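Novice: Any chance you could fold what I've pasted below:
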Amino acid sequence: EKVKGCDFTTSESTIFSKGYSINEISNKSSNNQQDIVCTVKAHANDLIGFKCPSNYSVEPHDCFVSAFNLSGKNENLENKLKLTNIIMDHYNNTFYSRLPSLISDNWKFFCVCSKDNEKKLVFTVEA
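Specialist: Residues are numbered from 1 along each chain as shown. Shown next is the protein structure:
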């Protein structure tokens, strides 16, 4: 099926269910004015991932393999959730992770893409 994730490179991602246009990120932002946030609901069976344009830099603000937690501390997210089939492609700037078959926790996490003098893009999901 389609993969749950935000595509900042294609409003119609033939791979991600959620995508944004280069214009919407400049006008119809997510919630704030420039900060673009993609809020989506993930599921133990739904696949989770995201992708950013090749002209932007991928920096983990709260990803899963390694990132800053809600406290802003750098800690692996594996001890929190045992993700499987992890795929990390920096050249294509796309990340995918498989969620177990059971998840009753309301944990949330997000990744960010940005560059100097450039609107930052935030990818976030909750489960």
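Novice: Please, where are all the strands along the protein?
Specialist: Taking DSSP state E to define them, one finds strands in the chain at 3-7, 16-19, 36-41, 48-51, 57-62, 84-89, 94-98, 108-114, 121-126.
Novice: can you put those strands in TSV and add mean neighbour count and distance to residue 30?
Specialist: Yep, even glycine has a C-beta here, placed from its N, CA and C like the rest. As requested, the strands of the chain are exported to TSV (neighbours: other C-beta atoms under 10 Å; distance: least, C-beta to C-beta, whole Å):
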stretch	mean neighbour count	distance to residue 30
strand 3-7	24	9
strand 16-19	19	11
strand 36-41	17	4
strand 48-51	24	13
strand 57-62	17	15
strand 84-89	10	24
strand 94-98	20	19
strand 108-114	21	12
strand 121-126	22	8
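Novice: Please name whichever of the ones you listed is nearest to residue 25.
Specialist: Across these, residue 25 has its closest neighbour in strand 36-41 (4.9 Å, C-beta to C-beta).
Novice: Just want to check the distance between residue 119 and residue 103.
Specialist: Note on residue 119: its distance to residue 103, by C-beta to C-beta, to the nearest Å, is 32 Å.
Novice: ok, back up a step: nearest to residue 27 among the strands of the chain would be which one?
Specialist: strand 36-41 (11.0 Å).
Novice: Sheet partners, orientation included, of that closest one?
Specialist: As defined by DSSP bridges, the strand partners of strand 36-41 come to strand 121-126 (parallel).
Novice: CA atoms of the partner strand as PDB?
Specialist: The C-alpha atoms that make up strand 121-126 are tabulated as PDB, following Å, rounded to 0.1, in the frame of the first residue of the first chain:
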ATOM      1  CA  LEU A 121      10.900  21.500   7.000                       C
ATOM      2  CA  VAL A 122       9.700  19.400  10.000                       C
ATOM      3  CA  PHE A 123       8.400  15.800   9.600                       C
ATOM      4  CA  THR A 124       6.400  14.500  12.600                       C
ATOM      5  CA  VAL A 125       4.200  11.400  13.200                       C
ATOM      6  CA  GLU A 126       2.400  10.100  16.400                       C
END
